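The chain contents come next:
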Amino acid sequence: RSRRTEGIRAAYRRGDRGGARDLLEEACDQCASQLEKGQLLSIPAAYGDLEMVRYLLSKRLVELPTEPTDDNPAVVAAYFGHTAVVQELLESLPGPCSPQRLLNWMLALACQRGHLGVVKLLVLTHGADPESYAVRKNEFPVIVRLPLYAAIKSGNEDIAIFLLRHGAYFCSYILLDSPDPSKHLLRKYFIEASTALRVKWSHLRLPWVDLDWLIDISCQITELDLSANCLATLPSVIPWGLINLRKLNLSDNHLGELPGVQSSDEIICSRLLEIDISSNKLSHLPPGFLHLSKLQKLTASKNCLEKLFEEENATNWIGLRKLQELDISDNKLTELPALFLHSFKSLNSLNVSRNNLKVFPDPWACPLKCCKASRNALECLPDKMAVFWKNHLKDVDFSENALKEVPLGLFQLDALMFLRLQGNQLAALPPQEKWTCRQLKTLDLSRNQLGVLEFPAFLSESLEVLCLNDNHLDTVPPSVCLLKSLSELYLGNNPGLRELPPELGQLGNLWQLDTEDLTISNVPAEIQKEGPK
Amino acid sequence: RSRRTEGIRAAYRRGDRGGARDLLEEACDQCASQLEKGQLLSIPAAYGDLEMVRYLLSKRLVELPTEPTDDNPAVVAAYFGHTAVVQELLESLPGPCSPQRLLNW
């Protein structure tokens, strides 16, 4: 019975493809069982006769088993690198549950064999996992069955780098077991030369890095992006042992602590211009940052910070003097001591929102163009805003806080035009005659205990949106009639209202109105149902 | 709580895509449950903002439910013919068992 197989094989062994066709048809008629038909389909696939595979799949309708074995026709097709036969067989697999197990098995087989095209088609077209194990039944998930490891250990560097560029990751075993080719790939295929290189080792899940990998080129730059991985520690050279770095991305990792310094003498990276250490597990920043006078951006948000810096209230700090951006939001800071904060001179953007802050930091003469401190427990704001930021601050977000009254200073500002002052307990404003926010475009004064609200007449040409929903409003303040230029208004969530003023019709620019759960006595039900227009 | 949705929708209703981004990030921080995140992903997909769908799938890592419902972000993406958004969402589906049921729907 098995002879039929050999006979067909004989026809292919001598190159007699037509005789192989005849013997194959005879066996298919005599091969009723699924295993025998699968073997018949394996014969030409192993040989490489794509045409006869097509005939068997199309006319004989031969089933393609999903067993991840070397007897499988697709496995042998991948074994010999016959990409056309592999795709032809894989197309015949029925049902939605694509048999990934077979795909990983043949993927690792191709990686071991060196058939790059088969690996490419499997991973890119059929979605075979480049980071799972090609493990069969009664087999263990050993790294030898992992396709990147099998590719690089086999000497198939091209397949390994292709896998890395198309979803594979490095791990401790790769670096420890094959450090030479691993460092070769790290030192070649992630380098953007510019000397002052730009090396992107991020998104590689590297559990550790070594000076041995690139410190030889620390003359100007070794690397810049080490984010998006599982790093838990660093050499101190990575912070400050490199000469002409300009940007470092040390974010999105397990770096709960960064190496520190004893003085500025230990810092060689005096040229750093931005640093990204967010999305880490930091409780405080190292004081070495307080020696980088040239650093222009620091972003240490998405951390567990309790303080910006340790209480070094004696040292002549010069660093961060020219810092423009400090983003330390999404942290657990209750106090922002005036020491380090007043050491700044060039800050313009301060993002300290989403913290446990209760007192806004004691202000100082520094040109803040924008400040976000919402999602805090802030009780009040300083009165020196108009002293320092009268001509600088444009965006303010002190909303969602425990604040009860905004002093006149915020509204005495001139450059201020973007106000988010909701989510507070404020119930009364400073008199409108004291307001100098001529450039005001958006005023979000919702979600508070405000009732009368007054506006400068100048805002007749300035405001584009005004939010006053969800307040203690029983009657619309008549001052709204001033705001001809207003385009969007909220008045909903005010159950005490019954009259909609006629003067709102004078506000020509209106296109939308929050009429949510507002019953208007002086408007018929039909007009209310039709909408704001 | 539902207001967040409408607020983001408002930003897209007037064409304010950056304001929609800000409101979307705020809601994502305040939307922990899978259904709320799926709704947040449905908003731009129904609108057609492929960029914000990409940001949600890549950065926020928003889960894509396999329920064959008109609330599904991919279903609404197919509803308005936004082919790019449909492929972007369908690429995010994990695992080997490709949810054919959603695909037929």
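Residues numbered from 1 in each chain as written, not as in the entry; some residues may be left out. Chains lettered and ligands numbered in written order. Part of a larger assembly, values for the part shown. Heavy atoms only, no water.

- The deposited coordinates, according to the entry record, derive from cryo-EM at 4.6 Å resolution.

## A short note on the overall build of chain A
1) Next: Across its full length, chain A carries 18 helices and 14 strands.
2) Next: What you see for chain A is a C-alpha radius of gyration of 35 Å, clearly larger than the 24 Å of a compact globule of 533 residues, by over 25%.
3) Next: With the principal axes as the frame, chain A shows a C-alpha extent of 105 × 75 × 40 Å.
4) Next: Side-chain charges of chain A comprise 56 positive and 65 negative groups, with the mean position of each set lying 5 Å from the other. (Helix = DSSP H or I, 4+ residues; strand = E, 2+ residues; numbered from the N terminus. Rg over C-alpha atoms; globule rule 2.2 N^0.38 Å. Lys, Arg positive; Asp, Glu negative; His and termini not counted. Charge placed at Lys NZ, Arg CZ, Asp CG, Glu CD.)

## Comments concerning helix α4 (residues 50-60) of chain B
Residues and elements named next belong to chain B.
1) Next: Of the positions making up α4, those classed as buried are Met-52, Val-53, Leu-56 and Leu-57. Summarising the axial view, the buried residues of α4 lie within an arc of 135 degrees, below the 170-degree limit, and thus occupy one face.
2) Next: Among the residues trailing α4, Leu-61 stands out with phi positive, at a value near 55 degrees. (Buried < 20%, exposed > 50% of the residue type's maximum accessible area, 1.4 Å probe, protein only. Arc of directions from axis to C-beta.)

## A look at the packing of aromatic side chains
All names here are of chain A.
1) Next: Using the criterion set out here, one finds 12 aromatic pairs over all chains in the structure.
2) Next: Taking 5.2 Å as the distance between ring centres and 70 degrees as the angle between the ring planes, the aromatic pair formed by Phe-309 and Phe-340 counts as edge-to-face. You can see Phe-309 sitting in the loop between β5 (297-299) and β6 (325-327) and its partner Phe-340 sitting in helix α15 (residues 338-343), a full 31 residues away along the chain. For the pair formed by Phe-309 and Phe-340, the shared burial category is buried.
3) Next: Three or more aromatic residues joined by ring pairs form one cluster here, namely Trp-201, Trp-208 and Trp-213.
4) Next: In this structure, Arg-21 packs its charged tip against the face of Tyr-55, placed 4.2 Å from the ring centre.
5) Next: Across from the ring centre of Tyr-169, 4.0 Å away, lies the NZ or CZ of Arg-205, which sits over that ring. (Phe/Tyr/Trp six-rings, centres within 6.5 Å; stacked < 30°, edge-to-face > 60°. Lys NZ or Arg CZ within 6 Å of the ring centre and 35° of its normal.)

## Some details on empty space enclosed by the protein
All names here are of chain A.
1) Next: Empty space within the largest cavity amounts to approximately 70 Å³.
2) Next: In terms of lining, the largest cavity is formed by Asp-210, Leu-211, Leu-214, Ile-215, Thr-222, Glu-223, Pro-235, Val-237, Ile-238 and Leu-242.
3) Next: Put simply, the parts of the chain that give the lining of the largest cavity at least two residues each are α13 (211-214) and α14 (237-240).
4) Next: For the lining of the largest cavity, the residue count by class is 7 nonpolar, 1 polar and 2 charged. (1 Å grid on protein atoms, 1.4 Å probe; cavity = no way out; pocket = protein on both sides within 12 Å on 5 of 7 lines; lining within 4 Å. Points joined across faces, edges and corners; volume = space filled by probe spheres on them. Nonpolar A, V, L, I, M, F, W, Y, C, P; charged D, E, K, R; others polar.)

## Describing the layout of surface pockets
1) Next: The space that makes up the second largest pocket amounts to roughly 610 Å³.
2) Next: Along the walls of the second largest pocket sit 21 residues, with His-126 and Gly-127 of chain A together with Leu-93, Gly-95 and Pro-96 of chain B positioned nearest its centre.
3) Next: Mapped by element, the contributors of at least two residues to the lining of the second largest pocket are α7 (100-113) and α8 (116-125) of chain A together with α6 (83-91) of chain B.
4) Next: By residue number, the principal contributor to the lining of the second largest pocket is α7 of chain A, which donates 3 residues.

## Quick word on the interface of chain B and chain A
1) Next: Contacts between the two partners involve 11 residues from chain B, matched on the other side by 10 residues from chain A.
2) Next: For the pair chain B and chain A, the summed buried surface comes to about 760 Å²; carbon and sulfur atoms form 48% of the total.
3) Next: When the buried area of chain B at its contact with chain A is split by residue, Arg-3, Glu-26 and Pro-96 of chain B rank highest and sum to 44% of it.
4) Next: Put simply, chain B and chain A have 3 salt bridges between them.
5) Next: For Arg-375 of chain A, the salt bridge is made with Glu-26 of chain B, and the minimal N-O distance between the two is 4.0 Å.
6) Next: On inspection of chain B and its partner chain A, the count reaches 2 residue pairs in polar contact.
7) Next: When residues of the side of chain B that touches chain A are traced back to their parent elements, those giving at least two are α1 (3-13) and α2 (17-30) of chain B.
8) Next: Ranked by residue count, the leading element in the side of chain B that touches chain A is α2 of chain B, at 4 residues.
9) Next: Along the lines of polarity and charge, the residues of the side of chain B that touches chain A split into 3 nonpolar, 3 polar and 5 charged. (Contact = heavy atoms within 4.5 Å. Buried area = accessible area lost by both parts, 1.4 Å probe. Salt bridge = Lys/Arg side-chain N within 4 Å of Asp/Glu carboxyl O. Polar contact = N/O pair within 3.5 Å; in protein donor to acceptor, adjacent residues only side chain to side chain.)

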